[PDB]
Amino acid sequence: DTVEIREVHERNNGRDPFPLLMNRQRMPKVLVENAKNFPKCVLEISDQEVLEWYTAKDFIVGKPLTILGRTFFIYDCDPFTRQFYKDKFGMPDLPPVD
Amino acid sequence: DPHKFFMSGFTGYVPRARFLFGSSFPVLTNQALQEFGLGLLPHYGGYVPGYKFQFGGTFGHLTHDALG
Amino acid sequence: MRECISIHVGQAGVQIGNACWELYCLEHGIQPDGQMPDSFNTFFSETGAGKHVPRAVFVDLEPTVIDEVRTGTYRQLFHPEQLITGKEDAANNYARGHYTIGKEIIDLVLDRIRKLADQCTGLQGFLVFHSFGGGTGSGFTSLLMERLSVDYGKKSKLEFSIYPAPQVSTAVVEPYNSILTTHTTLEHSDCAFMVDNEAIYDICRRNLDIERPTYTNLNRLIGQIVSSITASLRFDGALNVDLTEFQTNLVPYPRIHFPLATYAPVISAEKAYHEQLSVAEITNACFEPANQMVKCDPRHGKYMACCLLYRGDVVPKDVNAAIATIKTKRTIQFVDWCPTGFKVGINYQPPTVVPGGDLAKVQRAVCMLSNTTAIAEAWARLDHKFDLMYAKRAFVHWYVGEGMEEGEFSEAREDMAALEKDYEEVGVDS
Amino acid sequence: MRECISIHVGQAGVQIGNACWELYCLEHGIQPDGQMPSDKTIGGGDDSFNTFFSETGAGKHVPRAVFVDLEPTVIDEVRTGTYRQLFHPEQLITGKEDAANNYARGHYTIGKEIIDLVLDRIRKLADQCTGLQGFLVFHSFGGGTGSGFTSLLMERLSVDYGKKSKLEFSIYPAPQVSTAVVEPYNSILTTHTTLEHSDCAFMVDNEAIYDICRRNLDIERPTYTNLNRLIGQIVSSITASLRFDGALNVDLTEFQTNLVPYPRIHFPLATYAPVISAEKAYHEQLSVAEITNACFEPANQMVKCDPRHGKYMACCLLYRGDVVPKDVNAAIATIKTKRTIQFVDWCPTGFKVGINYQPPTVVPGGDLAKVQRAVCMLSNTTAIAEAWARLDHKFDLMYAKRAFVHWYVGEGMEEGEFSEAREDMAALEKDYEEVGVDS
Amino acid sequence: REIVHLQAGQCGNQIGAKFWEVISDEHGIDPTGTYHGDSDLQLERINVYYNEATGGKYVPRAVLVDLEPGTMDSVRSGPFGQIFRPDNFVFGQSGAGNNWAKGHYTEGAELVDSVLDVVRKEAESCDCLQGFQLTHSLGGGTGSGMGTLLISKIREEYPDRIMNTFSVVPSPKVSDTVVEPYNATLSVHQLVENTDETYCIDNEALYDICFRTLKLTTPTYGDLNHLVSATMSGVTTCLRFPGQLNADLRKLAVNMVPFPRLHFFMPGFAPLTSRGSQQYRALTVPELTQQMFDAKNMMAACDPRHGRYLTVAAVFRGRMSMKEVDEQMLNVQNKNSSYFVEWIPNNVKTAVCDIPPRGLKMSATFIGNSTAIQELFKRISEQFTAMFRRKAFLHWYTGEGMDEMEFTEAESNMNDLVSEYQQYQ
């Protein structure tokens, strides 16, 4: 149940070629109210500070997804993901958004 | 919204201080925090388009159309 | 009847005259579009329709600084032919102004001046708002101060000018150009308002707390230093003086004719509430070296004359005691042939700060005018630069090109050798 | 017309003055912003706030104080605090790097930069005054800013003005309680000034105020807010013969010629007699004969020494409130009949008195109690020679193998003064001895 | 204050194609030739680089000449090429190669009588002309032929103007042409006779700017045409827009040239940063001043460390303060005063404008003179030794009687240009 975010580099985009925006890690969706004072500089976020983790249900084509204060708009998914959502969640075809 | 300035001589950080220039310190600081939160003149030394479609009228009456 | 026509020449004279003639329309009740909703005929004329029109001349040989005025800001104020323009700028040398491009309108400055000379019942002097370091302000000025003394002559001479700073420099070879007017002033000058830029980026940085200033932060203060000189004709007072009266004192010899300027009470819009603003303090704030309007220290030299002009709420008995404090101090010194060495004039009106300005609404004002012999040490370093260039003979190549032979160069040294010699002779014990 | 300048150098003096100018403004009707309230008033004739405050023609008041330090973080609290409209914003003088308790960083390299600037405010304030009678400098002995930069400041005033009084107020190092490690170096190095330039350099220590905070006031674990507010009351009591008219007033130079016997014995102490809380206040009498012998307790002295180990060369009792002059003569003889109190053989009079008319004032949110009669008591004694004895024992064990030294020599400080200042300090502890004896 | 801008060679049809976009960018003109700009301060004095026509249409004062029509087919094919004068493309038929001696002499003489006509037709259509611009090729035969011809050909009609080339110049790394070393030797020799303001441009530094201060991985010509397209209109910023310290190229040339023998220049352009890291820089006056004096921002591929400057000029374009300029020009004159000389008591002149360009707010332009440009003319002098004594590629150059004594006096006077280093250091 880990998330990794990769940057897509175009030719002549003027950016340093770094393949990753975010390392593969488990992503907290909702933190406990007391976790505002959690010493993130010394401790990793444990299951005790997280009220809700990101699940496969939270990634939906055509919806905004907020990770680490950045709002991503999911516009398409691969054929395997499309089949997996149909089989696991009974969701109708996830049309690509232009 | 008064008393919204730092005293002159303040050494600590004030945001957007290095981008608004030409004045003393509190009159920079108040705007820094507010940011952080008819006819042309004759004998003219210049350009006016509409230069060529003219005959027989004075300069102001010629350039009144060019300004409006 | 107490009329005065003063002239503006150069890049500066429009820009300084933007903020000099800002104030003389503001001191009186005059709207900028020619109207008023007595003693207003010192800096104005009158039309029977009611419109008020001024009188001064503006010269710059490219049009845009005069097209700054000719566009929407100050259209209805000035006379449409006291704004005369060339078509190409004289551009950092004396040659294009004095000789080649000036001739097609030097007989356009003189059909206006003489037509404005003969519409004044009185007159007192000619005063110049020009710039030493230019090619127009030392080209077209010395096409006019040498030329009026052929015609008018014995009338008074003063020069509100802009001097080369010691450390800060704007152009490159201009030290050589500066000596193309000290040839001509010393034979036809009776006053000189020498002003640098480095000293008013620091007066504006100590008294005001404005670090890093601009010209409109600066040029509105030169517009003040003139107006405490022309206050006495313009408004009444307890002891009114005239433009021929201060020159009777301030020039002692045929070779010590170089006063200075100092605007004494200068402060921000904030520190004046916590300031007492007393007469006994803004008379001995003038003398300290950090209040001089040029980078000069008055310790190692001397003082020759001291002219004072007051404004607003001034009683004379504390001024008569403020002077007697000073002359018993001995951190400043005096020459032994001048035991009197003082002058005080007083008016009734208080100063006027411009709206949207950077100074305080004060009911007092002091101008300190001082002949100083320590200006010789200031004239040491500027003309010391001449020796480091004339040995290698830089730029004499284009200098000789448009009509200035080397005769100008030889004379200039032999003027400054005798000018630096007499200042040694004036300070010695007799 | 009876004026005084009040300089504040370093953190241990500036934080005193933040509670001093509360205390001065509360005595009069002046708010923080300087405007008189024009609605309510404590009554009083004009020209009474003069001796500490100037007065613009607008109506604001300006203190006669300059706040100078080499680090910015203690003054920048004041520029944004609640007393920002109080001061003139060019009085507040600030540097870049602090002394780091190095005498050589406040007298030799870093301190030289500001000392051309800070004398142009002592020059600028003084000629705005008509007749002036001295200074009020607030430094501390243990630091490179309080004991280094004061010597740079105070040498310049003796060559400029000379005979005019300087009234220092300096925290003195304690026996057990201490914070720095190089404090025995600092306090024995600034004693060239009190040798030569000073006139009256009074002493506090932070250790003895802790006990008088603990027993007299109902305070456990006192802050430094409570320290500072008790100190300025001593300062506000010696300067009430200026701002008020009293029954038997004492001038600021006529006490100097009775409280300083010889030109080397100018180091007296302080004491404040009624210091109590609001729930033991109305359960006692407070009489003149009660708060006079409450001054001479061992437990009420401002500096933790033994008053019984020596002689009282001269004392100056300052009284304020409803005190009639028959009561003071009753209580001075009651003291002089006692024998555990101690005399001087060649000083027959011994005591100088001063009575005023304006009571002590109370700061809201403060810890003091509202009384009607208060006494500050300044006494010369030889009890402080043994406090010099313990500090010089804390200094020579450093210097016996040149410990901690090389941080001093790295900023132009020589080794030659460390030897000289010890022997010059050594010449002080005999001069208490050779006059404290009998015939 | 009119300006004549001569464009010959392919480069002058390729630089000046990208020149005449920027000076139609700033005056708000579409390539149909109509005014569709933002404010009315740019139509006021539209005349400096541009001209009026009937019906409201706008048509420049352009001259673009070459011999082969293999260049002017590319100007009219572009986006902004339709505004140009249809009578300036005076095209021959037989193009030149790499030796210029058949360019101006044989193939040019039938065409230069049409080049000299429209230029004299331009001069009678101007009111107060000031100078003579040029952008061409010093190692490209048609530009060093038929432009350096014209340097000697309108000076006869008008000696009272200022000549200011925008010159390319040969370089160490490669030969794009084997002819250009000894081809340049006599055309540069004609300049020293006559030049006043020589703006030498290279292609190492304009491929080193593109890889370390723009981080840009495949630089075509259209990158390098535009960066020099900025520094042309960056030096005449005052004649068409108002300001607070105006300047012309007489105001430039009074300060800059001290002796009649050393007067060769080198340009720059200040506010340069990469596309990715635009939000990390602090674009103000103290950083643009530090950027414009180093070695990595010079468009002439020479280091200014081993040669002292004598005269330095700049300009800015936008609302700013002036104590922040006059102290910072006084910083670099005395922070490192071993890189100027002690007999010129000033080295810096600056000027200001009012209106910043489209897409920036604070723009600047660097112009420099120094004594390290003798090392740029050292290498062409060095290559001549290995080529002359073997009489190497000579038969194209003695091809119509132009003698070997036209060759011997070139380096006999190009030693003298570096023999004017003795009066300096």
# chains A, B, ... in the order shown; residues from 1 in each chain; ligands from 1

$ interface_residues --of "chain B" --to "chain E" --cutoff "12 Å" --atoms "only C-alpha atoms" --output "list in words"
residues 16, 18, 19, 20, 21, 22, 23, 40, 44, 45, 46, 47, 48, 49, 50, 51, 52, 53, 66 and 67 of chain B

$ write_last_selection --atoms "N, CA and C atoms" --output "PDB file, in the first residue's frame"
ATOM      1  N   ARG B  16       9.442  40.945   2.417  1.00  0.00           N
ATOM      2  CA  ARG B  16       9.413  41.803   1.223  1.00  0.00           C
ATOM      3  C   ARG B  16      10.143  43.126   1.437  1.00  0.00           C
ATOM      4  N   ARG B  18      13.368  43.739   0.805  1.00  0.00           N
ATOM      5  CA  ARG B  18      14.405  43.954  -0.186  1.00  0.00           C
ATOM      6  C   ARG B  18      13.847  44.237  -1.568  1.00  0.00           C
ATOM      7  N   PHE B  19      12.545  44.477  -1.712  1.00  0.00           N
ATOM      8  CA  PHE B  19      11.914  44.652  -3.019  1.00  0.00           C
ATOM      9  C   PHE B  19      11.102  45.942  -3.151  1.00  0.00           C
ATOM     10  N   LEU B  20      11.058  46.786  -2.118  1.00  0.00           N
ATOM     11  CA  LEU B  20      10.335  48.060  -2.143  1.00  0.00           C
ATOM     12  C   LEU B  20      11.266  49.123  -1.581  1.00  0.00           C
ATOM     13  N   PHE B  21      11.646  50.089  -2.413  1.00  0.00           N
ATOM     14  CA  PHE B  21      12.856  50.903  -2.254  1.00  0.00           C
ATOM     15  C   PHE B  21      12.506  52.385  -2.238  1.00  0.00           C
ATOM     16  N   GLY B  22      13.511  53.197  -1.925  1.00  0.00           N
ATOM     17  CA  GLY B  22      13.401  54.631  -2.081  1.00  0.00           C
ATOM     18  C   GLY B  22      12.813  55.394  -0.919  1.00  0.00           C
ATOM     19  N   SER B  23      12.771  54.815   0.280  1.00  0.00           N
ATOM     20  CA  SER B  23      12.185  55.497   1.424  1.00  0.00           C
ATOM     21  C   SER B  23      12.833  55.005   2.707  1.00  0.00           C
ATOM     22  N   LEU B  40      -2.241  68.713 -28.143  1.00  0.00           N
ATOM     23  CA  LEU B  40      -0.857  68.595 -27.720  1.00  0.00           C
ATOM     24  C   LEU B  40      -0.171  69.953 -27.726  1.00  0.00           C
ATOM     25  N   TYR B  44       6.425  71.273 -30.169  1.00  0.00           N
ATOM     26  CA  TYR B  44       6.531  69.972 -29.524  1.00  0.00           C
ATOM     27  C   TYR B  44       7.868  69.306 -29.815  1.00  0.00           C
ATOM     28  N   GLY B  45       8.504  68.807 -28.766  1.00  0.00           N
ATOM     29  CA  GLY B  45       9.676  67.970 -28.898  1.00  0.00           C
ATOM     30  C   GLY B  45       9.341  66.499 -28.817  1.00  0.00           C
ATOM     31  N   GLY B  46       8.562  65.996 -29.763  1.00  0.00           N
ATOM     32  CA  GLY B  46       8.141  64.616 -29.675  1.00  0.00           C
ATOM     33  C   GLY B  46       7.444  64.167 -30.937  1.00  0.00           C
ATOM     34  N   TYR B  47       6.831  62.991 -30.849  1.00  0.00           N
ATOM     35  CA  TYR B  47       6.176  62.366 -31.986  1.00  0.00           C
ATOM     36  C   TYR B  47       4.668  62.413 -31.833  1.00  0.00           C
ATOM     37  N   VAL B  48       3.989  62.670 -32.942  1.00  0.00           N
ATOM     38  CA  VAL B  48       2.551  62.464 -33.042  1.00  0.00           C
ATOM     39  C   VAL B  48       2.213  61.818 -34.383  1.00  0.00           C
ATOM     40  N   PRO B  49       1.676  60.605 -34.378  1.00  0.00           N
ATOM     41  CA  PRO B  49       1.108  60.044 -35.601  1.00  0.00           C
ATOM     42  C   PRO B  49      -0.208  60.722 -35.935  1.00  0.00           C
ATOM     43  N   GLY B  50      -0.561  60.654 -37.213  1.00  0.00           N
ATOM     44  CA  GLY B  50      -1.447  61.642 -37.789  1.00  0.00           C
ATOM     45  C   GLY B  50      -0.703  62.866 -38.261  1.00  0.00           C
ATOM     46  N   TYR B  51       0.593  62.716 -38.536  1.00  0.00           N
ATOM     47  CA  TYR B  51       1.457  63.832 -38.893  1.00  0.00           C
ATOM     48  C   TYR B  51       1.082  64.440 -40.235  1.00  0.00           C
ATOM     49  N   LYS B  52       0.659  63.611 -41.181  1.00  0.00           N
ATOM     50  CA  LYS B  52       0.656  63.967 -42.592  1.00  0.00           C
ATOM     51  C   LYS B  52      -0.675  64.475 -43.131  1.00  0.00           C
ATOM     52  N   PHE B  53      -1.814  64.049 -42.588  1.00  0.00           N
ATOM     53  CA  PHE B  53      -3.114  64.492 -43.095  1.00  0.00           C
ATOM     54  C   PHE B  53      -3.484  65.834 -42.463  1.00  0.00           C
ATOM     55  N   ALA B  66      -5.755  63.471 -32.267  1.00  0.00           N
ATOM     56  CA  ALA B  66      -4.767  62.442 -31.961  1.00  0.00           C
ATOM     57  C   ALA B  66      -4.783  62.072 -30.485  1.00  0.00           C
ATOM     58  N   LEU B  67      -5.015  63.047 -29.602  1.00  0.00           N
ATOM     59  CA  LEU B  67      -5.235  62.673 -28.206  1.00  0.00           C
ATOM     60  C   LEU B  67      -6.644  62.138 -27.985  1.00  0.00           C
TER      61      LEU B  67
END

$ residues_around --residues "residue 109 in chain E" --least-positions-apart "6" --cutoff "12 Å" --atoms "only C-alpha atoms" --output "number ranges by chain"
E: 67, 92, 101-103, 115-116, 145-146, 149-150, 153

$ select_by_dssp --residues "range 218-317 of chain D" --states "strand (DSSP E or B)" --output "PDB file with N, CA and C atoms, in the first residue's frame"
ATOM      1  N   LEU D 248      13.169  67.371  54.562  1.00  0.00           N
ATOM      2  CA  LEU D 248      14.597  67.523  54.842  1.00  0.00           C
ATOM      3  C   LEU D 248      15.328  66.883  53.660  1.00  0.00           C
ATOM      4  N   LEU D 269      26.531  50.067  50.134  1.00  0.00           N
ATOM      5  CA  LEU D 269      25.494  49.099  49.808  1.00  0.00           C
ATOM      6  C   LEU D 269      24.114  49.756  49.825  1.00  0.00           C
ATOM      7  N   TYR D 272      16.230  48.170  51.395  1.00  0.00           N
ATOM      8  CA  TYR D 272      14.883  48.726  51.317  1.00  0.00           C
ATOM      9  C   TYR D 272      14.082  48.130  52.456  1.00  0.00           C
ATOM     10  N   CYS D 315      26.366  56.161  57.056  1.00  0.00           N
ATOM     11  CA  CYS D 315      25.088  55.709  56.533  1.00  0.00           C
ATOM     12  C   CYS D 315      24.243  56.921  56.193  1.00  0.00           C
ATOM     13  N   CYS D 316      23.405  56.771  55.174  1.00  0.00           N
ATOM     14  CA  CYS D 316      22.509  57.833  54.738  1.00  0.00           C
ATOM     15  C   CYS D 316      21.111  57.249  54.663  1.00  0.00           C
ATOM     16  N   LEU D 317      20.294  57.550  55.660  1.00  0.00           N
ATOM     17  CA  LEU D 317      18.936  57.046  55.727  1.00  0.00           C
ATOM     18  C   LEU D 317      18.045  57.949  54.890  1.00  0.00           C
TER      19      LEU D 317
END

$ residues_around --residues "residue 38 in chain A" --least-positions-apart "6" --cutoff "12 Å" --atoms "only C-alpha atoms" --output "JSON, numbers by chain"
{"A": [31, 32, 44, 45, 46, 48, 49, 50]}

$ write_last_selection --atoms "C-alpha atoms" --output "compact mmCIF listing (two decimals), in the first residue's frame"
# COMPACT_ATOMS: atom_id res chain seq x y z
CA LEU A 31 -3.26 12.71 10.66
CA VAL A 32 -4.46 12.56 14.32
CA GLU A 44 9.04 8.63 11.23
CA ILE A 45 5.22 8.74 11.22
CA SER A 46 3.98 5.46 12.79
CA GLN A 48 -0.31 5.60 15.95
CA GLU A 49 -0.15 9.13 14.43
CA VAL A 50 -2.17 8.25 11.26

$ residues_around --residues "range 251-265 of chain E" --least-positions-apart "5" --cutoff "8 Å" --atoms "only C-alpha atoms" --output "ChimeraX atom specification"
/C:91-93,171-173,394-398 /E:192,195-200,311-313,347,349,367-370,373,417,420

$ residues_around --residues "residue 10 in chain B" --least-positions-apart "2" --cutoff "12 Å" --atoms "only C-alpha atoms" --output "list in words"
residues 5, 6, 7, 8, 12, 13, 14, 17, 24, 25, 26, 28 and 29 of chain B; 72, 73, 74, 75, 76, 77, 78, 79, 80, 84, 89, 90, 92, 93, 94 and 95 of chain D

$ interface_residues --of "chain E" --to "chain A" --cutoff "7 Å" --atoms "only C-alpha atoms" --output "VMD selection string"
chain E and resid 216 275 to 276

$ write_last_selection --atoms "C-alpha atoms" --output "CSV table (one decimal), in the first residue's frame"
chain,number,residue,atom,x,y,z
E,216,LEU,CA,20.4,24.6,-22.5
E,275,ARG,CA,14.2,28.7,-17.6
E,276,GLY,CA,14.0,26.2,-14.8

$ residues_around --residues "range 34-38 of chain E" --least-positions-apart "6" --cutoff "8 Å" --atoms "only C-alpha atoms" --output "list in words"
residues 27, 28, 56, 57 and 58 of chain E

$ write_last_selection --atoms "N, CA and C atoms" --output "JSON list (two decimals), in the first residue's frame"
[["chain", "number", "residue", "atom", "x", "y", "z"],
["E", 27, "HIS", "N", 7.92, 48.05, -30.02],
["E", 27, "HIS", "CA", 7.01, 49.08, -30.50],
["E", 27, "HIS", "C", 5.65, 48.52, -30.88],
["E", 28, "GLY", "N", 5.38, 47.26, -30.55],
["E", 28, "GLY", "CA", 4.05, 46.68, -30.64],
["E", 28, "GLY", "C", 3.47, 46.59, -32.03],
["E", 56, "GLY", "N", -1.85, 54.10, -42.99],
["E", 56, "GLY", "CA", -1.61, 53.60, -41.65],
["E", 56, "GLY", "C", -0.59, 52.49, -41.56],
["E", 57, "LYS", "N", -0.27, 51.85, -42.69],
["E", 57, "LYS", "CA", 0.69, 50.76, -42.72],
["E", 57, "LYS", "C", 2.07, 51.27, -42.33],
["E", 58, "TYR", "N", 2.88, 50.39, -41.76],
["E", 58, "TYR", "CA", 4.18, 50.75, -41.24],
["E", 58, "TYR", "C", 5.26, 49.93, -41.93]]

$ interface_residues --of "chain D" --to "chain C" --cutoff "8 Å" --atoms "only C-alpha atoms" --output "count of residues only"
6

$ select_by_dssp --residues "range 285-331 of chain E" --states "helix (DSSP H, G or I)" --output "count of residues only"
15

$ closest_residue --among "D:419, D:101, D:91, D:15" --to "residue 9 in chain B" --atoms "only C-alpha atoms"
D:91
